[PDB]
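Just need the structure, nothing else, for what follows:
(2 chains, ligands or ions: 4)
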Amino acid sequence: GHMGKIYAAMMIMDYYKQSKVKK
Amino acid sequence: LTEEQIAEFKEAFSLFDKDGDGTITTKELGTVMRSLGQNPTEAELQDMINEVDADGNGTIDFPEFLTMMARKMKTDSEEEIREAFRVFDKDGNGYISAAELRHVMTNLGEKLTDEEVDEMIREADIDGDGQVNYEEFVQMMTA
Ligand SMILES: [Ca+2]
Ligand SMILES: [Ca+2]
Ligand SMILES: [Ca+2]
Ligand SMILES: [Ca+2]
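Numbering: from 1, shown residues only, chains lettered A, B, ... in the order given. Ligands and ions are numbered 1, 2, ... in the order given. Now the structure:
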């Protein structure tokens, strides 16, 4: 538990990174 | 789906939804990024949202956010998790303490509770030494 924000920050970082790759 | 996960999905959304209107704007996204040490352009924030904005209204709601959380790490996470370990393990002795976990949560915005900080340590702690080593962390993050 209380891992949500940790998961989200991990997620978003890889998102932003996967954003840049994708265009 | 557990009530536990629902719990975690709500926390995760509330990292971005800073005013709690129930939607994530580019501004909120940009805010979260900046606190994570990044500086995305306005186009990038739009792009991140538009990947997942099913109704095309320029923001992200709860179920659209669920889609964000559901897309896999899935081949380059090992390095991302190694990096994450480094930020958590501030004094770099190879073990994440309660006090170091607390700092991270804070930096993520949480400022309560201590028992819950211990609880988090306790759950990730396989060997029982009271702290989180690299392998224990790996599993805490692939859970
Ligand atoms: Ca909002
Ligand atoms: Ca939307
Ligand atoms: Ca340490
Ligand atoms: Ca341990």
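
roughly how far apart are residue A:5 and residue B:127?
Per C-beta to C-beta, to the nearest Å, residue A:5 is found 26 Å from residue B:127. In short, each C-beta sits where N, CA and C put it, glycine included.

more neighbours, the two?
Using other C-beta atoms under 10 Å in any protein chain shown, the more surrounded residue of residue A:5 and residue B:127 is residue A:5, with 22 against 10.

Does the more buried one lie in a helix or a strand, and which?
Using DSSP states H and E, residue A:5 sits in helix A:4-21.

Against which helices or strands is that helix packed?
Helices and strands touching helix A:4-21, by 3 or more C-beta pairs under 8 Å, 6 or more residues apart in numbering or on different chains; DSSP states H and E, are helix B:3-16, helix B:26-35, helix B:42-50, helix B:62-70, helix B:77-88.

closest one to residue A:18 among those helices?
helix B:42-50 (9.0 Å; C-beta to C-beta).

Neighbours of residue 13, how many?
Picked chain A for this. Neighbours around residue A:13, by other C-beta under 10 Å: 18.

you looked at the wrong chain, it should be chain B
23.

need the contact list for it.
Residue B:13 sits next to A:8, B:24, B:62, B:65 when contact means C-beta atoms under 8 Å, 6 or more residues apart in numbering or on different chains.

Buried subset of those residues as a ChimeraX selection?
Selection of buried members from these for ChimeraX, criterion 16 or more other C-beta atoms under 10 Å in any protein chain shown:
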select /A:8 /B:24,65
